[PDB]
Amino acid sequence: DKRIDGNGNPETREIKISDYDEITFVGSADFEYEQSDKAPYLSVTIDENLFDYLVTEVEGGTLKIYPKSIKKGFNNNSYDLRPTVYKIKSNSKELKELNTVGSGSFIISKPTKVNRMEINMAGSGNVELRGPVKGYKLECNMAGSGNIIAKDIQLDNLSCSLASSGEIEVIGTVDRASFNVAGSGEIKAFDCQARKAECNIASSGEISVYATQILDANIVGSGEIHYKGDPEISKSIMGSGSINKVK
């Protein structure tokens, strides 16, 4: 009933889709995405038997890829797919919002221009923005033990919120940054040069920040903010946590 193992015969299907500006992706695939002015494109490779258990379509301008609800299960639960291979390649004109859930990996590799890009991840997986991202606003939100890494950003605005034990890492330059941890996890942003940054920690987590002009440093709990640069810092600590300046 609930668990379906891949039969070991991988099949690739190109799926006809309209453009989309939003992705709902649930699962364990390696998903490669790019923004592109070419025609919108979707290809999925998985054990041939698992397609019958998977939704893969664009609807209402949203690409939706996830395991189906269990047949006669009243949408109380979905199938637990165990593929031997699971790869997704897709593109659209713009990605304003990614909602990803699971143990998979979502990767953007080419230079990406953004107006507002929002990344929302739940689970143990990973999102990697490997290519240069440049533009107005990037938001990286996660709840879980996995991670998000943006390797090369140039932004007016960056916002990261981490719930639970995972990790967000950001590298580049930003004018204004907001870093938030609620849990034991960690934001790593020493090589993300911010002019102004706000750092908030609830509980035992950690933020490493580089702010050049203004740093607003807030901790409620045992957590820690490590900072570099020579900003003017506003400090606020309720609990056993601590703030420290590093070279």
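So that there is no doubt, residue numbering starts at 1 and follows the sequence shown.
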Exercise. Decide which of the stretches 53 to 61 and 218 to 226 has the higher mean C-alpha B-factor, going by the entry.
Key: 53 to 61
Exercise. Could you say whether, by C-alpha temperature factor, residue 170 belongs to the lowest, middle or highest third of its chain?
Key: lowest
Quiz item: Compared with the other modelled residues in the chain, in which third is the CA B-factor of residue 41?
Solution: highest
Exercise. Determine, from the deposited record, the chain-internal third of the Cα B-factor for residue 6: lowest, middle or highest.
Key: highest
Practice problem: Pull the Cα B-factor of residue 104 out of the PDB entry and bin it into the chain's lowest, middle or highest third. | Solution: highest
Self-check item: Third of the chain's Cα B-factor distribution that residue 213 belongs to, per the entry
Solution: middle
